[PDB]
>>> print(open('model-v6.cif').read())   # mmCIF, C-alpha atoms
data_start
#
loop_
_atom_site.label_atom_id
_atom_site.label_comp_id
_atom_site.auth_asym_id
_atom_site.auth_seq_id
_atom_site.Cartn_x
_atom_site.Cartn_y
_atom_site.Cartn_z
CA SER A 122 7.23 -37.49 16.08
CA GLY A 123 10.50 -38.61 17.51
CA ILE A 124 10.52 -41.29 20.17
CA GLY A 125 13.16 -43.96 20.56
CA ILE A 126 11.72 -46.60 22.89
CA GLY A 127 13.68 -49.21 24.79
CA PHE A 128 11.33 -51.23 26.96
CA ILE A 129 11.76 -54.08 29.36
CA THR A 130 8.52 -55.45 30.72
CA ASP A 131 8.98 -59.16 31.29
CA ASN A 132 11.56 -59.01 34.08
CA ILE A 133 10.63 -55.46 35.13
CA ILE A 134 9.06 -52.60 33.25
CA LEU A 135 11.91 -50.15 32.74
CA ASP A 136 11.37 -47.75 29.84
CA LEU A 137 14.25 -45.72 28.38
CA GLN A 138 13.43 -43.41 25.47
CA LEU A 139 15.29 -40.70 23.60
CA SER A 140 12.63 -38.50 22.06
CA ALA A 141 13.91 -35.99 19.49
CA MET A 142 12.30 -33.64 16.95
CA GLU A 143 13.85 -31.79 14.03
CA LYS A 144 11.56 -29.53 12.05
CA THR A 145 12.58 -27.56 8.97
CA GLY A 146 10.41 -25.01 7.21
CA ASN A 147 11.35 -22.60 4.41
CA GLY A 148 8.92 -20.15 2.93
CA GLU A 149 9.93 -17.78 0.16
CA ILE A 150 7.50 -15.34 -1.43
CA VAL A 151 8.56 -13.15 -4.35
CA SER A 152 5.98 -10.62 -5.55
CA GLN A 153 6.49 -7.90 -8.15
CA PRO A 154 3.91 -5.20 -8.92
CA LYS A 155 4.34 -2.90 -11.93
CA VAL A 156 2.63 0.54 -11.95
CA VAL A 157 2.29 3.09 -14.78
CA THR A 158 2.42 6.63 -13.35
CA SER A 159 2.43 10.16 -14.65
CA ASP A 160 5.64 12.12 -14.00
CA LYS A 161 5.79 13.82 -10.58
CA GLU A 162 2.35 12.32 -9.91
CA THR A 163 1.33 9.48 -7.65
CA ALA A 164 0.02 6.15 -8.86
CA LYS A 165 -0.74 3.18 -6.70
CA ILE A 166 -1.04 -0.56 -7.13
CA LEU A 167 -2.69 -2.29 -4.20
CA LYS A 168 -3.22 -6.06 -4.08
CA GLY A 169 -4.87 -6.92 -0.79
CA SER B 170 -22.59 -5.16 -4.86
CA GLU B 171 -22.48 -2.86 -1.87
CA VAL B 172 -20.79 -4.30 1.21
CA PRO B 173 -22.16 -2.39 4.21
CA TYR B 174 -21.30 -2.18 7.87
CA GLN B 175 -24.27 -1.62 10.19
CA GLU B 176 -23.04 -0.21 13.49
CA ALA B 177 -26.27 0.93 15.15
CA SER B 178 -24.91 2.71 18.19
CA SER B 179 -27.94 3.99 20.08
CA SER B 180 -26.56 7.23 21.46
CA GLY B 181 -26.44 9.20 18.27
CA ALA B 182 -24.33 7.21 15.82
CA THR B 183 -26.03 5.07 13.17
CA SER B 184 -23.15 3.93 10.99
CA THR B 185 -25.39 2.38 8.36
CA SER B 186 -22.30 2.36 6.22
CA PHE B 187 -22.10 0.74 2.82
CA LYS B 188 -19.66 0.69 -0.07
CA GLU B 189 -19.94 -1.16 -3.35
CA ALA B 190 -17.30 -3.79 -3.99
CA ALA B 191 -17.79 -3.44 -7.70
CA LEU B 192 -15.53 -3.62 -10.63
CA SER B 193 -15.22 -0.09 -11.85
CA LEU B 194 -13.59 2.36 -14.16
CA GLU B 195 -13.82 6.04 -13.28
CA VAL B 196 -12.22 7.86 -16.19
CA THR B 197 -11.45 11.51 -16.93
CA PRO B 198 -9.88 11.41 -20.41
CA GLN B 199 -8.12 14.40 -21.97
CA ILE B 200 -7.93 14.06 -25.75
CA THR B 201 -4.77 15.17 -27.52
CA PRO B 202 -4.57 15.52 -31.32
CA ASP B 203 -2.84 12.34 -32.32
CA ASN B 204 -5.80 10.32 -31.11
CA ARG B 205 -4.33 10.11 -27.66
CA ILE B 206 -5.62 10.57 -24.15
CA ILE B 207 -4.02 11.51 -20.87
CA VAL B 208 -6.67 10.11 -18.54
CA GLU B 209 -7.06 10.14 -14.80
CA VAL B 210 -8.47 6.67 -14.26
CA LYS B 211 -9.55 4.89 -11.12
CA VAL B 212 -9.51 1.18 -11.96
CA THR B 213 -10.83 -0.76 -8.99
CA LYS B 214 -11.79 -4.34 -8.34
CA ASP B 215 -13.16 -5.10 -4.91
CA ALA B 216 -15.13 -7.88 -3.48
CA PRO B 217 -17.42 -8.82 -0.58
CA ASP B 218 -15.62 -10.11 2.47
#
>>> encode(input="model-v6.cif", output="C-alpha coordinates")
Amino acid sequence: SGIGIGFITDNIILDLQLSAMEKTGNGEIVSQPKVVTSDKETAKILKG
Amino acid sequence: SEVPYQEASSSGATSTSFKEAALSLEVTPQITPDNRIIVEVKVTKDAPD
(Lines of atoms letter the chains of each structure in order from A and count residues from 1; the text may use other names and numbers.)
(Lines give C-alpha, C1' and ligand atoms only; values in the text may rest on other atoms or scores of the structure.)
Protein backbone atom coordinates (compact mmCIF):
# COMPACT_ATOMS: atom_id res chain seq x y z
CA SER A 1 0.00 0.00 0.00
CA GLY A 2 2.33 2.68 1.17
CA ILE A 3 5.92 2.66 -0.03
CA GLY A 4 7.98 5.73 -0.78
CA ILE A 5 11.01 4.55 -2.77
CA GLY A 6 14.23 6.46 -3.26
CA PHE A 7 16.66 4.34 -5.24
CA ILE A 8 20.17 4.82 -6.47
CA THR A 9 21.44 2.01 -8.64
CA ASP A 10 23.79 3.50 -11.20
CA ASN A 11 26.57 4.64 -8.86
CA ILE A 12 25.60 2.21 -6.09
CA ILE A 13 22.34 0.55 -5.20
CA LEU A 14 21.22 2.34 -2.05
CA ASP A 15 17.48 2.10 -1.40
CA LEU A 16 15.74 4.41 1.09
CA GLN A 17 11.99 3.97 1.53
CA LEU A 18 9.40 5.31 3.93
CA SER A 19 6.56 2.81 3.89
CA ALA A 20 3.36 3.98 5.61
CA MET A 21 -0.23 2.70 5.83
CA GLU A 22 -3.36 4.47 7.02
CA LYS A 23 -6.54 2.43 7.05
CA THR A 24 -9.96 3.75 8.02
CA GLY A 25 -13.08 1.64 8.42
CA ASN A 26 -16.48 2.64 9.82
CA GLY A 27 -19.34 0.23 10.10
CA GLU A 28 -22.69 1.29 11.51
CA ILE A 29 -25.65 -1.07 11.75
CA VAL A 30 -29.03 0.15 12.98
CA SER A 31 -31.72 -2.51 13.36
CA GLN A 32 -35.18 -2.07 14.88
CA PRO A 33 -37.59 -4.96 15.53
CA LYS A 34 -41.21 -4.29 16.53
CA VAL A 35 -43.17 -6.95 18.47
CA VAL A 36 -46.89 -7.10 19.36
CA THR A 37 -47.34 -8.75 22.77
CA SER A 38 -50.15 -9.49 25.16
CA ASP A 39 -49.98 -7.65 28.50
CA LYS A 40 -47.83 -9.38 31.15
CA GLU A 41 -47.13 -12.06 28.53
CA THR A 42 -43.99 -12.77 26.56
CA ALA A 43 -43.66 -12.30 22.83
CA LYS A 44 -40.50 -12.71 20.84
CA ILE A 45 -39.13 -11.50 17.54
CA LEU A 46 -36.06 -13.40 16.39
CA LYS A 47 -34.24 -12.58 13.16
CA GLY A 48 -31.28 -14.91 12.85
CA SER B 1 -38.66 -29.30 4.36
CA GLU B 2 -37.19 -31.10 7.32
CA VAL B 3 -33.55 -30.28 8.06
CA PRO B 4 -32.13 -33.23 10.00
CA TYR B 5 -28.93 -33.90 11.88
CA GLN B 6 -27.72 -37.51 11.73
CA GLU B 7 -25.35 -38.17 14.62
CA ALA B 8 -25.02 -41.95 14.59
CA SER B 9 -23.03 -42.52 17.74
CA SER B 10 -22.54 -46.28 17.99
CA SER B 11 -22.67 -46.73 21.75
CA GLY B 12 -26.35 -46.14 22.26
CA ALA B 13 -27.13 -42.72 20.80
CA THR B 14 -28.67 -42.47 17.33
CA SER B 15 -29.50 -38.79 17.01
CA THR B 16 -31.40 -39.21 13.77
CA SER B 17 -32.71 -35.75 14.46
CA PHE B 18 -34.81 -33.76 12.06
CA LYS B 19 -36.86 -30.58 12.16
CA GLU B 20 -38.84 -28.97 9.38
CA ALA B 21 -37.67 -25.54 8.29
CA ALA B 22 -41.11 -24.72 7.03
CA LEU B 23 -43.16 -21.63 6.92
CA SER B 24 -45.84 -22.15 9.48
CA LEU B 25 -48.73 -20.76 11.41
CA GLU B 26 -49.78 -22.56 14.57
CA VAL B 27 -52.89 -20.75 15.77
CA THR B 28 -55.14 -21.09 18.81
CA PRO B 29 -57.82 -18.42 18.24
CA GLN B 30 -60.29 -17.38 20.94
CA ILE B 31 -63.35 -15.71 19.41
CA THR B 32 -64.86 -12.72 21.19
CA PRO B 33 -68.26 -11.27 20.22
CA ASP B 34 -67.29 -8.31 18.14
CA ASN B 35 -65.79 -10.59 15.53
CA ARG B 36 -62.47 -10.52 17.28
CA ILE B 37 -59.89 -13.08 18.28
CA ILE B 38 -57.26 -13.24 20.96
CA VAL B 39 -55.04 -15.88 19.40
CA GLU B 40 -51.90 -17.61 20.56
CA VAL B 41 -50.00 -17.81 17.28
CA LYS B 42 -46.64 -19.27 16.45
CA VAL B 43 -45.57 -17.64 13.19
CA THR B 44 -42.31 -19.19 12.05
CA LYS B 45 -40.20 -19.00 8.93
CA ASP B 46 -37.12 -21.18 8.89
CA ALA B 47 -34.89 -22.43 6.22
CA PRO B 48 -32.34 -25.14 5.41
CA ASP B 49 -28.79 -24.26 6.30
>>> interface_residues(input="model-v6.cif", of="chain A", to="chain B", cutoff="12 Å", atoms="only C-alpha atoms", output="ChimeraX atom specification")
/A:157-160,162-169
>>> closest_residue(input="model-v6.cif", among="B:180, B:172, B:210, B:217", to="residue 195 of chain B", atoms="all atoms listed in the file")
B:210
>>> resolve_selection(input="model-v6.cif", expression="the PyMOL selection byres ((chain A and resi 139) around 10)", output="PyMOL selection string")
chain A and resi 123-127+137-138+140-141
>>> atom_distance(input="model-v6.cif", atom1="atom CA of residue 216 of chain B", atom2="atom CA of residue 179 of chain B")
29.3 Å
>>> atom_distance(input="model-v6.cif", atom1="atom CA of residue 161 of chain A", atom2="atom CA of residue 199 of chain B")
18.0 Å
>>> atom_distance(input="model-v6.cif", atom1="atom CA of residue 185 of chain B", atom2="atom CA of residue 170 of chain B")
15.5 Å
>>> axis_aligned_box(input="model-v6.cif", around="segment 194-211 of chain B", padding_each_side="8 Å", output="JSON")
{"center_x": -8.3, "center_y": 8.9, "center_z": -21.7, "size_x": 27.0, "size_y": 29.2, "size_z": 37.2}
>>> residues_near_point(input="model-v6.cif", point="(-22.8, -0.6, 10.7)", cutoff="7 Å", atoms="all atoms listed in the file", output="PyMOL selection string")
chain B and resi 173-177+183-186
